[PDB]
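Peer 1: To start, I am sharing the structure in question, which I have written as structure tokens.
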Amino acid sequence: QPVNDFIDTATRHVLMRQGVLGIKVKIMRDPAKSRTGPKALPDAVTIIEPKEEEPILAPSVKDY
Amino acid sequence: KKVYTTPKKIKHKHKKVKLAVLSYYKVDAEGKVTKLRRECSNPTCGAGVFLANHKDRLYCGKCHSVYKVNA
RNA sequence: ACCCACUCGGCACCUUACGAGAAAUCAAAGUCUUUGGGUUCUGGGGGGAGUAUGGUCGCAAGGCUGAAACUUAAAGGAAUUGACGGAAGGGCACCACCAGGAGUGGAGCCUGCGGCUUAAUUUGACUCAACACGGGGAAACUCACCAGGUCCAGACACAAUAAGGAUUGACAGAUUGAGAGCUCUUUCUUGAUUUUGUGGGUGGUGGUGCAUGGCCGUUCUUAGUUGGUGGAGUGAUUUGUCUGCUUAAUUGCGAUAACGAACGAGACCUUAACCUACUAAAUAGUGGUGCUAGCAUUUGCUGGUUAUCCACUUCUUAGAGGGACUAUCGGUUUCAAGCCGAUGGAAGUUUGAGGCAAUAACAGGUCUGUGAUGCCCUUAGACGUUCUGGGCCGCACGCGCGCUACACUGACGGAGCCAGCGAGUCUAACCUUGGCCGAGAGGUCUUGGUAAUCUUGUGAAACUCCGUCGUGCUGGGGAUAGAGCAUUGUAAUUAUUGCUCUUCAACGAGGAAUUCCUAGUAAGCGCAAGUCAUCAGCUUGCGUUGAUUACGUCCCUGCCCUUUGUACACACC
Ligand SMILES: [Mg+2]
Ligand SMILES: [Mg+2]
Ligand SMILES: [Mg+2]
Ligand SMILES: [Mg+2]
Ligand SMILES: [Mg+2]
Ligand SMILES: [Mg+2]
Ligand SMILES: [Mg+2]
Ligand SMILES: [Mg+2]
Ligand SMILES: [Mg+2]
Ligand SMILES: [Mg+2]
Ligand SMILES: [Mg+2]
Ligand SMILES: [Mg+2]
Ligand SMILES: [Mg+2]
Ligand SMILES: [Mg+2]
Ligand SMILES: [Mg+2]
Ligand SMILES: [Mg+2]
Ligand SMILES: [Mg+2]
Ligand SMILES: [Mg+2]
Ligand SMILES: [Mg+2]
Ligand SMILES: [Mg+2]
Ligand SMILES: [Mg+2]
Ligand SMILES: [Mg+2]
Ligand SMILES: [Mg+2]
Ligand SMILES: [Mg+2]
Ligand SMILES: [Mg+2]
Ligand SMILES: [Mg+2]
Ligand SMILES: [Mg+2]
Ligand SMILES: [Zn+2]
């Protein structure tokens with residue numbers, strides 16, 4: 001499916017003196033910018049980075 | 001392929017004849033002009049066009065064919 | 001005799017390699033541009049050629065010594081990557097086998113192919129990967145073929161003719177298949193729009209698919225491709241990308257000079273499965289209510305009523321969510337990836353089935369889908385085009401896909417009565433309910449539907465039930481043929497199709513061979529859609545009934561992978 005989503009294709013028959021050629025172009029657009037749709041490959045699996053902890057500190061409680 | 005055969009005799013075309021035509025029109029000794037060949041009473045042909053003279057036939061040519069006026 | 005340590009001198013193997021080499025490799029092939037211990041011999045591009053010649057040795061065969069002319073841009077070595085092999089080792093698959101199923105192969109006809117025949121019987125394609133294929137079911141059309149008849153729709157440019165008419169057209173007759181002014185007779189008409197000529201265009205289902213684009217098929221029911229940092233090599237390269245194990249998978253575990261990644265696989269998407277949870281629906285349906293019919297009556301039972309009202313979303317519809325991750329547990333396994341069993345579960349074979357699909361290859365197919373196209377051919381007695389008619393269907397026979405059968409798990413006649421995927425008419429005649437008429441095919445009057453609203457609950461077929469027949473080529477089978485009736489169409493003859501009567505063939509389960517297939521699958525069965533004016537024995541899908549047998553292997557066949565050889569690299573054609 002991402003094919004449908006992400007790559008533009010095109011063929012064009014260029015016609016010259018000796019015969020004709022096929023041009024075939026493929027653009028793959030950055031899925032990050034997708035604007036309207038999926039923002040990454042179904043492949044993509046980011047892990048969010050934790051956070052160093054400064055734990056311990058014997059109990060205690062705050063009042064408000 | 002094959003090329004050519006024929007029992008001879010090719011076809012031609014048409015000529016449109018020659019004729020320095022419209023002398024048909026008699027004008028007398030200065031200068032009254034009387035018409036030969038009677039003209040056409042079909043409003044599509046303002047009596048300028050004429051009738052050819054065959055047998056039984058008097059026929060309107062401008063009317064590309066149409067109508068059989070017989071006198 | 002043996003053992004253990006040393007020591008000379010042997011035949012060798014091992015590992016390293018400071019070092020050497022173009023490399024393979026080498027304790028010498030090392031101590032060489034940091035070039036010298038002593039000495040012998042041979043080579044100086046390839047072929048010509050160890051040829052000619054002279055000498056010499058020999059019984060001989062022949063040995064030793066041994067040129068040139070001329071030709072030629074490479075021959076050659078070692079290593080690499082491929083490609084190939086009629087070498088070797090591992091795999092993988094119902095287009096392979098096993099265990100089986102249902103068959104094709106035999107018959108009749110249907111249909112394609114060859115062949116023959118022909119005025120022509122248009123043509124592409126010939127192992128899997130040509131042959132119910134070109135969506136190829138051709139009556140005209142299509143149409144390319146054959147027998148004939150018209151027309152230019154010959155742009156434009158120059159020239160020529162020429163307003164005293166460049167050219168156009170035609171009534172009747174002749175002619176013609178023809179109510180073609182095709183052509184001729186005849187004599188009007190037309191007005192610079194043509195016509196003749198050269199140059200240049202144009203059309204062409206004409207050639208070339210071995211000149212091309214594009215598309216498609218095949219390799220491929222496959223699992224392969226690449227780069228970053230590191231390791232090896234002067235280099236092309238290599239390692240990563242591997243013995244094994246595992247998986248449908250270069251899918252993973254694991255091993256590990258590699259670490260960690262990307263394309264392809266997976267993910268992804270689509271459809272079939274599950275939601276008494278969410279949003280709703282007179283174009284979907286349920287319960288209650290009236291209005292009302294039939295049977296029982298004691299309340300009951302079974303129906304009618306596109307709105308007489310109220311309510312609801314279980315069923316139908318489609319939005320948004322949720323759901324499964326091979327979960328739990330246990331066996332098995334390098335206790336790894338996994339695999340197997342049980343419980344649960346809508347679902348636990350990639351959940352079932354598809355869509356998508358990397359790098360590369362083929363002189364695969366298609367110029368006959370294209371106003372895609374190079375070049376060649378042709379262009380007015382046309383290979384342009386159109387009109388009339390025939391042909392593609394022609395029938396001693398060979399091949400292939402199919403249909404229907406050989407009956408008693410059946411044919412027949414009543415009677416039961418149940419699907420899903422579709423599709424339908426505007427500037428038009430598509431899908432057709434209902435009423436009559438007709439034995440039937442059909443006809444006729446109306447009608448609803450641009451559609452979840454109407455056809456249509458598509459009341460489809462196998463199938464189920466009660467009878468008849470009773471094993472007899474029989475009431476199995478329905479080829480071939482006669483006569484009649486209707487439908488489509490301008491046209492039905494060589495019989496478009498449909499109906500009725502009669503005629504009643506072969507075929508008594510099919511040799512050698514050979515196809516397809518593992519669960520709602522096989523097989524039996526009908527339907528819708530494509531085609532389509534008319535015609536399905538084809539196809540694409542659909543649902544209905546619903547098994548037997550594997551849950552394995554490498555024997556056959558096919559192909560992948562290593563290893564190995566190569567003098568191939570335009571790569572064994
Ligand atoms: Mg078997
Ligand atoms: Mg058999
Ligand atoms: Mg047929
Ligand atoms: Mg050819
Ligand atoms: Mg014709
Ligand atoms: Mg010309
Ligand atoms: Mg010319
Ligand atoms: Mg063409
Ligand atoms: Mg080709
Ligand atoms: Mg091609
Ligand atoms: Mg299979
Ligand atoms: Mg280096
Ligand atoms: Mg490898
Ligand atoms: Mg619901
Ligand atoms: Mg269970
Ligand atoms: Mg070829
Ligand atoms: Mg083409
Ligand atoms: Mg044919
Ligand atoms: Mg076939
Ligand atoms: Mg019956
Ligand atoms: Mg009658
Ligand atoms: Mg209406
Ligand atoms: Mg019989
Ligand atoms: Mg019968
Ligand atoms: Mg049809
Ligand atoms: Mg067909
Ligand atoms: Mg090699
Ligand atoms: Zn007139």
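Just remember, in the structure tokens the first chain shown is A, the second B, etc., residues are 1-based per chain, and ligands are 1-based in the order shown.
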Kindly determine which residues of chain C lie within 8 Å of chain A, considering only C-alpha atoms (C1' of nucleotides), and give the answer as a PDB file with N, CA, C and O atoms (P, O5', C5', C4', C3', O3' and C1' of nucleotides), in the first residue's frame.
Peer 2:
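What follows is the written file iface_27.pdb:
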ATOM      1  P     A C 211      13.111  -6.168 -36.050  1.00  0.00           P
ATOM      2  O5'   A C 211      14.104  -5.450 -35.060  1.00  0.00           O
ATOM      3  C5'   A C 211      15.441  -5.234 -35.433  1.00  0.00           C
ATOM      4  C4'   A C 211      15.811  -3.793 -35.247  1.00  0.00           C
ATOM      5  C3'   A C 211      15.397  -3.155 -33.940  1.00  0.00           C
ATOM      6  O3'   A C 211      16.216  -3.493 -32.842  1.00  0.00           O
ATOM      7  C1'   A C 211      14.813  -1.730 -35.682  1.00  0.00           C
ATOM      8  P     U C 212      15.518  -3.782 -31.433  1.00  0.00           P
ATOM      9  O5'   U C 212      14.979  -2.357 -31.001  1.00  0.00           O
ATOM     10  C5'   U C 212      13.792  -2.218 -30.240  1.00  0.00           C
ATOM     11  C4'   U C 212      13.353  -0.780 -30.201  1.00  0.00           C
ATOM     12  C3'   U C 212      12.306  -0.444 -29.154  1.00  0.00           C
ATOM     13  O3'   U C 212      12.865  -0.223 -27.878  1.00  0.00           O
ATOM     14  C1'   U C 212      11.628   0.437 -31.225  1.00  0.00           C
ATOM     15  P     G C 213      12.156  -0.856 -26.592  1.00  0.00           P
ATOM     16  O5'   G C 213      11.044   0.220 -26.209  1.00  0.00           O
ATOM     17  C5'   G C 213      11.377   1.599 -26.107  1.00  0.00           C
ATOM     18  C4'   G C 213      10.166   2.482 -25.934  1.00  0.00           C
ATOM     19  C3'   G C 213       9.162   2.014 -24.899  1.00  0.00           C
ATOM     20  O3'   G C 213       9.523   2.393 -23.595  1.00  0.00           O
ATOM     21  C1'   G C 213       8.029   2.554 -26.877  1.00  0.00           C
ATOM     22  P     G C 214       9.313   1.367 -22.398  1.00  0.00           P
ATOM     23  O5'   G C 214       7.744   1.188 -22.323  1.00  0.00           O
ATOM     24  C5'   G C 214       6.900   2.289 -22.049  1.00  0.00           C
ATOM     25  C4'   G C 214       5.484   1.951 -22.402  1.00  0.00           C
ATOM     26  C3'   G C 214       4.964   0.690 -21.753  1.00  0.00           C
ATOM     27  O3'   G C 214       4.541   0.886 -20.428  1.00  0.00           O
ATOM     28  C1'   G C 214       4.515   0.590 -24.038  1.00  0.00           C
ATOM     29  P     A C 267       2.455  -9.607   6.610  1.00  0.00           P
ATOM     30  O5'   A C 267       2.739  -8.126   7.133  1.00  0.00           O
ATOM     31  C5'   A C 267       2.969  -7.861   8.504  1.00  0.00           C
ATOM     32  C4'   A C 267       3.663  -6.540   8.690  1.00  0.00           C
ATOM     33  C3'   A C 267       2.843  -5.315   8.373  1.00  0.00           C
ATOM     34  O3'   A C 267       1.875  -5.003   9.344  1.00  0.00           O
ATOM     35  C1'   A C 267       4.950  -5.065   7.404  1.00  0.00           C
ATOM     36  P     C C 268       0.340  -4.941   8.885  1.00  0.00           P
ATOM     37  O5'   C C 268       0.358  -3.981   7.631  1.00  0.00           O
ATOM     38  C5'   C C 268       0.748  -2.633   7.745  1.00  0.00           C
ATOM     39  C4'   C C 268       0.678  -1.998   6.394  1.00  0.00           C
ATOM     40  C3'   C C 268      -0.684  -2.062   5.740  1.00  0.00           C
ATOM     41  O3'   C C 268      -1.541  -1.033   6.198  1.00  0.00           O
ATOM     42  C1'   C C 268       0.927  -2.822   4.219  1.00  0.00           C
ATOM     43  P     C C 269      -3.047  -1.355   6.638  1.00  0.00           P
ATOM     44  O5'   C C 269      -3.786  -1.618   5.257  1.00  0.00           O
ATOM     45  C5'   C C 269      -3.794  -0.594   4.274  1.00  0.00           C
ATOM     46  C4'   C C 269      -4.238  -1.094   2.925  1.00  0.00           C
ATOM     47  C3'   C C 269      -5.552  -1.858   2.871  1.00  0.00           C
ATOM     48  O3'   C C 269      -6.690  -1.005   2.912  1.00  0.00           O
ATOM     49  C1'   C C 269      -3.921  -2.986   1.583  1.00  0.00           C
ATOM     50  P     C C 356      -1.518  -6.952  -8.443  1.00  0.00           P
ATOM     51  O5'   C C 356      -0.456  -6.175  -7.538  1.00  0.00           O
ATOM     52  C5'   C C 356      -0.429  -4.755  -7.474  1.00  0.00           C
ATOM     53  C4'   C C 356       0.389  -4.259  -6.304  1.00  0.00           C
ATOM     54  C3'   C C 356       1.899  -4.509  -6.333  1.00  0.00           C
ATOM     55  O3'   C C 356       2.611  -3.575  -7.132  1.00  0.00           O
ATOM     56  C1'   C C 356       1.054  -5.044  -4.189  1.00  0.00           C
ATOM     57  P     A C 372      -2.290   8.032 -30.336  1.00  0.00           P
ATOM     58  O5'   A C 372      -1.328   6.775 -30.512  1.00  0.00           O
ATOM     59  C5'   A C 372      -0.229   6.817 -31.402  1.00  0.00           C
ATOM     60  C4'   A C 372       1.066   6.745 -30.659  1.00  0.00           C
ATOM     61  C3'   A C 372       2.298   6.736 -31.522  1.00  0.00           C
ATOM     62  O3'   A C 372       2.643   8.025 -31.952  1.00  0.00           O
ATOM     63  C1'   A C 372       2.474   5.046 -29.902  1.00  0.00           C
ATOM     64  P     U C 373       2.718   8.305 -33.517  1.00  0.00           P
ATOM     65  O5'   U C 373       4.025   7.497 -33.953  1.00  0.00           O
ATOM     66  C5'   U C 373       5.306   7.859 -33.446  1.00  0.00           C
ATOM     67  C4'   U C 373       6.330   6.741 -33.516  1.00  0.00           C
ATOM     68  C3'   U C 373       6.831   6.337 -34.883  1.00  0.00           C
ATOM     69  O3'   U C 373       7.754   7.268 -35.411  1.00  0.00           O
ATOM     70  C1'   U C 373       6.511   4.415 -33.529  1.00  0.00           C
ATOM     71  P     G C 374       7.904   7.457 -36.997  1.00  0.00           P
ATOM     72  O5'   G C 374       9.296   6.776 -37.366  1.00  0.00           O
ATOM     73  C5'   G C 374      10.533   7.336 -36.959  1.00  0.00           C
ATOM     74  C4'   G C 374      11.655   6.339 -37.087  1.00  0.00           C
ATOM     75  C3'   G C 374      11.911   5.814 -38.489  1.00  0.00           C
ATOM     76  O3'   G C 374      12.704   6.676 -39.264  1.00  0.00           O
ATOM     77  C1'   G C 374      11.829   4.004 -36.999  1.00  0.00           C
TER      78        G C 374
END
Peer 1: To check your reading of the model: which residues sit at most 8 Å from ligand 15 when counting only C-alpha atoms (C1' of nucleotides) and all ligand atoms? Write the answer as a list in words.
Peer 2: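 Within the 8 Å cut-off, the matching residues are residues 343, 344 and 345 of chain C.
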Peer 1: Write the residues of the preceding selection, restricted to N, CA and C atoms (P, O5', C5', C4', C3', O3' and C1' of nucleotides), as a PDB file, in the first residue's frame.
Peer 2:
ATOM      1  P     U C 343      -9.181 -30.167  24.369  1.00  0.00           P
ATOM      2  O5'   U C 343      -9.051 -28.893  25.311  1.00  0.00           O
ATOM      3  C5'   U C 343      -9.505 -28.952  26.653  1.00  0.00           C
ATOM      4  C4'   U C 343      -9.335 -27.627  27.349  1.00  0.00           C
ATOM      5  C3'   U C 343     -10.155 -26.471  26.798  1.00  0.00           C
ATOM      6  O3'   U C 343     -11.510 -26.466  27.233  1.00  0.00           O
ATOM      7  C1'   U C 343      -7.918 -25.777  27.089  1.00  0.00           C
ATOM      8  P     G C 344     -12.667 -26.001  26.221  1.00  0.00           P
ATOM      9  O5'   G C 344     -12.440 -24.429  26.102  1.00  0.00           O
ATOM     10  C5'   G C 344     -12.465 -23.622  27.271  1.00  0.00           C
ATOM     11  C4'   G C 344     -11.809 -22.278  27.071  1.00  0.00           C
ATOM     12  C3'   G C 344     -12.353 -21.419  25.943  1.00  0.00           C
ATOM     13  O3'   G C 344     -13.560 -20.760  26.272  1.00  0.00           O
ATOM     14  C1'   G C 344     -10.011 -21.421  25.837  1.00  0.00           C
ATOM     15  P     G C 345     -14.783 -20.753  25.225  1.00  0.00           P
ATOM     16  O5'   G C 345     -14.279 -19.792  24.063  1.00  0.00           O
ATOM     17  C5'   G C 345     -13.821 -18.484  24.354  1.00  0.00           C
ATOM     18  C4'   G C 345     -12.973 -17.954  23.231  1.00  0.00           C
ATOM     19  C3'   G C 345     -13.648 -17.865  21.875  1.00  0.00           C
ATOM     20  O3'   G C 345     -14.420 -16.689  21.754  1.00  0.00           O
ATOM     21  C1'   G C 345     -11.512 -18.835  21.638  1.00  0.00           C
TER      22        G C 345
END
Peer 1: I'd like to know which of C:82, C:369, C:510, C:558 is closest to ligand 8, using only C-alpha atoms (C1' of nucleotides) and all ligand atoms.
Peer 2: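 Among C:82, C:369, C:510, C:558, it is C:369 that comes nearest to ligand 8.
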Peer 1: For residue 14 of chain B, please output as a PDB file with N, CA, C and O atoms (P, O5', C5', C4', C3', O3' and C1' of nucleotides), in the first residue's frame all residues within 12 Å (counting only C-alpha atoms (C1' of nucleotides); exclusion window: fewer than 6 positions along the same chain).
Peer 2:
ATOM      1  P     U C 167      -9.755  21.547 -66.568  1.00  0.00           P
ATOM      2  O5'   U C 167     -10.403  21.484 -65.116  1.00  0.00           O
ATOM      3  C5'   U C 167     -11.522  20.651 -64.848  1.00  0.00           C
ATOM      4  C4'   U C 167     -12.252  21.104 -63.609  1.00  0.00           C
ATOM      5  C3'   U C 167     -13.541  20.368 -63.278  1.00  0.00           C
ATOM      6  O3'   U C 167     -13.332  19.121 -62.638  1.00  0.00           O
ATOM      7  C1'   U C 167     -13.925  22.681 -63.138  1.00  0.00           C
ATOM      8  P     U C 168     -14.426  17.948 -62.769  1.00  0.00           P
ATOM      9  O5'   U C 168     -15.725  18.556 -62.079  1.00  0.00           O
ATOM     10  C5'   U C 168     -15.720  18.879 -60.698  1.00  0.00           C
ATOM     11  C4'   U C 168     -17.054  19.401 -60.233  1.00  0.00           C
ATOM     12  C3'   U C 168     -18.238  18.481 -60.425  1.00  0.00           C
ATOM     13  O3'   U C 168     -18.273  17.418 -59.501  1.00  0.00           O
ATOM     14  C1'   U C 168     -18.847  20.677 -61.010  1.00  0.00           C
ATOM     15  P     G C 169     -18.681  15.961 -60.020  1.00  0.00           P
ATOM     16  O5'   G C 169     -20.252  16.076 -60.270  1.00  0.00           O
ATOM     17  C5'   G C 169     -21.117  16.362 -59.186  1.00  0.00           C
ATOM     18  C4'   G C 169     -22.477  16.794 -59.651  1.00  0.00           C
ATOM     19  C3'   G C 169     -23.283  15.773 -60.420  1.00  0.00           C
ATOM     20  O3'   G C 169     -23.857  14.785 -59.587  1.00  0.00           O
ATOM     21  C1'   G C 169     -23.460  17.883 -61.465  1.00  0.00           C
ATOM     22  P     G C 181     -27.451   6.451 -61.139  1.00  0.00           P
ATOM     23  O5'   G C 181     -26.439   6.584 -62.348  1.00  0.00           O
ATOM     24  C5'   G C 181     -26.330   7.820 -63.033  1.00  0.00           C
ATOM     25  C4'   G C 181     -24.912   8.117 -63.439  1.00  0.00           C
ATOM     26  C3'   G C 181     -24.166   9.099 -62.540  1.00  0.00           C
ATOM     27  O3'   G C 181     -22.761   8.849 -62.628  1.00  0.00           O
ATOM     28  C1'   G C 181     -24.398  10.024 -64.690  1.00  0.00           C
ATOM     29  P     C C 182     -21.924   8.264 -61.386  1.00  0.00           P
ATOM     30  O5'   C C 182     -20.636   7.610 -62.071  1.00  0.00           O
ATOM     31  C5'   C C 182     -19.666   6.914 -61.302  1.00  0.00           C
ATOM     32  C4'   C C 182     -18.918   5.887 -62.117  1.00  0.00           C
ATOM     33  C3'   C C 182     -18.721   6.202 -63.594  1.00  0.00           C
ATOM     34  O3'   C C 182     -17.642   7.096 -63.828  1.00  0.00           O
ATOM     35  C1'   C C 182     -19.355   3.923 -63.313  1.00  0.00           C
ATOM     36  P     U C 183     -17.738   8.230 -64.968  1.00  0.00           P
ATOM     37  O5'   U C 183     -17.912   7.414 -66.331  1.00  0.00           O
ATOM     38  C5'   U C 183     -16.853   6.625 -66.866  1.00  0.00           C
ATOM     39  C4'   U C 183     -17.330   5.746 -67.998  1.00  0.00           C
ATOM     40  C3'   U C 183     -18.047   6.463 -69.133  1.00  0.00           C
ATOM     41  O3'   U C 183     -17.149   7.019 -70.073  1.00  0.00           O
ATOM     42  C1'   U C 183     -19.320   4.583 -68.461  1.00  0.00           C
ATOM     43  P     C C 184     -17.531   8.358 -70.870  1.00  0.00           P
ATOM     44  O5'   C C 184     -18.651   7.879 -71.899  1.00  0.00           O
ATOM     45  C5'   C C 184     -18.324   7.121 -73.057  1.00  0.00           C
ATOM     46  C4'   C C 184     -19.566   6.709 -73.812  1.00  0.00           C
ATOM     47  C3'   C C 184     -20.483   7.834 -74.282  1.00  0.00           C
ATOM     48  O3'   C C 184     -20.041   8.480 -75.467  1.00  0.00           O
ATOM     49  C1'   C C 184     -21.779   6.120 -73.278  1.00  0.00           C
ATOM     50  P     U C 195      -9.267  17.930 -58.372  1.00  0.00           P
ATOM     51  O5'   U C 195      -9.097  18.354 -59.895  1.00  0.00           O
ATOM     52  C5'   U C 195      -9.820  17.679 -60.918  1.00  0.00           C
ATOM     53  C4'   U C 195      -9.366  18.093 -62.298  1.00  0.00           C
ATOM     54  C3'   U C 195      -7.956  17.686 -62.686  1.00  0.00           C
ATOM     55  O3'   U C 195      -7.851  16.342 -63.098  1.00  0.00           O
ATOM     56  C1'   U C 195      -8.268  19.947 -63.223  1.00  0.00           C
TER      57        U C 195
END
Peer 1: I want to know what sits within 9 Å of residue 40 of chain A, based on only C-alpha atoms (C1' of nucleotides), with residues of the same chain fewer than 5 positions away left out; could you give that as a PyMOL selection string?
Peer 2: chain A and resi 30-34
Peer 1: Could you take the residues named above and write them with N, CA, C and O atoms, as a JSON list (two decimals), in the first residue's frame?
Peer 2:
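Heads up, here's the output in again14.json:
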[["chain", "number", "residue", "atom", "x", "y", "z"],
["A", 30, "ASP", "N", 8.97, 12.42, 0.94],
["A", 30, "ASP", "CA", 9.30, 12.19, 2.34],
["A", 30, "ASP", "C", 8.01, 11.98, 3.11],
["A", 30, "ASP", "O", 7.14, 12.85, 3.11],
["A", 31, "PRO", "N", 7.85, 10.81, 3.73],
["A", 31, "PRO", "CA", 6.59, 10.52, 4.40],
["A", 31, "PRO", "C", 6.42, 11.35, 5.67],
["A", 31, "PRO", "O", 5.30, 11.49, 6.17],
["A", 32, "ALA", "N", 7.52, 11.90, 6.17],
["A", 32, "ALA", "CA", 7.49, 12.77, 7.33],
["A", 32, "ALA", "C", 6.50, 13.91, 7.10],
["A", 32, "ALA", "O", 5.68, 14.20, 7.97],
["A", 33, "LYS", "N", 6.57, 14.54, 5.93],
["A", 33, "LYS", "CA", 5.78, 15.74, 5.62],
["A", 33, "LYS", "C", 4.34, 15.46, 5.20],
["A", 33, "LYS", "O", 3.60, 16.39, 4.86],
["A", 34, "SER", "N", 3.96, 14.19, 5.24],
["A", 34, "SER", "CA", 2.77, 13.67, 4.53],
["A", 34, "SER", "C", 1.51, 14.55, 4.59],
["A", 34, "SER", "O", 0.63, 14.43, 3.72]]
Peer 1: Counting only C-alpha atoms (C1' of nucleotides) and all ligand atoms, what residues are within 6 Å of ligand 28, given as a PDB file with N, CA, C and O atoms, in the first residue's frame?
Peer 2:
ATOM      1  N   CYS B  40     -36.585  28.022 -67.121  1.00  0.00           N
ATOM      2  CA  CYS B  40     -37.077  27.170 -66.031  1.00  0.00           C
ATOM      3  C   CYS B  40     -38.057  27.859 -65.076  1.00  0.00           C
ATOM      4  O   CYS B  40     -37.783  28.945 -64.562  1.00  0.00           O
ATOM      5  N   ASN B  42     -39.011  26.773 -62.151  1.00  0.00           N
ATOM      6  CA  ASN B  42     -38.831  26.323 -60.778  1.00  0.00           C
ATOM      7  C   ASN B  42     -38.068  27.377 -60.004  1.00  0.00           C
ATOM      8  O   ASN B  42     -36.896  27.616 -60.281  1.00  0.00           O
ATOM      9  N   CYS B  45     -34.506  28.311 -59.713  1.00  0.00           N
ATOM     10  CA  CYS B  45     -33.780  28.720 -60.916  1.00  0.00           C
ATOM     11  C   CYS B  45     -34.463  29.909 -61.595  1.00  0.00           C
ATOM     12  O   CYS B  45     -35.361  29.735 -62.419  1.00  0.00           O
ATOM     13  N   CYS B  60     -34.222  20.478 -67.175  1.00  0.00           N
ATOM     14  CA  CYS B  60     -33.541  21.546 -66.447  1.00  0.00           C
ATOM     15  C   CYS B  60     -32.246  21.082 -65.780  1.00  0.00           C
ATOM     16  O   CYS B  60     -32.279  20.293 -64.841  1.00  0.00           O
ATOM     17  N   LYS B  62     -29.764  22.990 -64.158  1.00  0.00           N
ATOM     18  CA  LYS B  62     -29.398  23.673 -62.908  1.00  0.00           C
ATOM     19  C   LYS B  62     -30.048  22.956 -61.746  1.00  0.00           C
ATOM     20  O   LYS B  62     -29.375  22.613 -60.765  1.00  0.00           O
ATOM     21  N   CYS B  63     -31.361  22.742 -61.859  1.00  0.00           N
ATOM     22  CA  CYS B  63     -32.010  21.694 -61.095  1.00  0.00           C
ATOM     23  C   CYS B  63     -31.184  20.494 -61.442  1.00  0.00           C
ATOM     24  O   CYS B  63     -31.445  19.879 -62.470  1.00  0.00           O
TER      25      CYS B  63
END
Peer 1: Please identify all polymer residues within 6 Å of residue 58 of chain B, counting only C-alpha atoms (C1' of nucleotides), omitting same-chain residues fewer than 3 positions from it, and present them as a PDB file with N, CA, C and O atoms, in the first residue's frame.
Peer 2:
ATOM      1  N   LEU B  51     -33.482  24.928 -70.780  1.00  0.00           N
ATOM      2  CA  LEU B  51     -33.878  23.542 -70.947  1.00  0.00           C
ATOM      3  C   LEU B  51     -33.165  22.925 -72.139  1.00  0.00           C
ATOM      4  O   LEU B  51     -33.226  23.457 -73.250  1.00  0.00           O
ATOM      5  N   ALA B  52     -32.496  21.799 -71.906  1.00  0.00           N
ATOM      6  CA  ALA B  52     -31.839  21.069 -72.982  1.00  0.00           C
ATOM      7  C   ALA B  52     -32.871  20.391 -73.876  1.00  0.00           C
ATOM      8  O   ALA B  52     -33.937  19.976 -73.417  1.00  0.00           O
ATOM      9  N   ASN B  53     -32.550  20.269 -75.154  1.00  0.00           N
ATOM     10  CA  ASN B  53     -33.494  19.702 -76.104  1.00  0.00           C
ATOM     11  C   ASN B  53     -33.117  18.291 -76.536  1.00  0.00           C
ATOM     12  O   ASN B  53     -32.212  18.116 -77.352  1.00  0.00           O
ATOM     13  N   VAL B  69     -40.169  19.059 -67.642  1.00  0.00           N
ATOM     14  CA  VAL B  69     -41.076  19.938 -68.375  1.00  0.00           C
ATOM     15  C   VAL B  69     -41.027  19.558 -69.864  1.00  0.00           C
ATOM     16  O   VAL B  69     -39.993  19.698 -70.515  1.00  0.00           O
ATOM     17  N   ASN B  70     -42.146  19.067 -70.395  1.00  0.00           N
ATOM     18  CA  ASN B  70     -42.186  18.447 -71.723  1.00  0.00           C
ATOM     19  C   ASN B  70     -43.147  19.125 -72.702  1.00  0.00           C
ATOM     20  O   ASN B  70     -44.366  19.001 -72.562  1.00  0.00           O
TER      21      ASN B  70
END
Peer 1: Rank C:131, C:516, C:210, C:257 by their smallest atom-to-atom distance to ligand 19, using only C-alpha atoms (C1' of nucleotides) and all ligand atoms, and report the top residue only.
Peer 2: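 Counting only C-alpha atoms (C1' of nucleotides) and all ligand atoms, the residue closest to ligand 19 is C:131.
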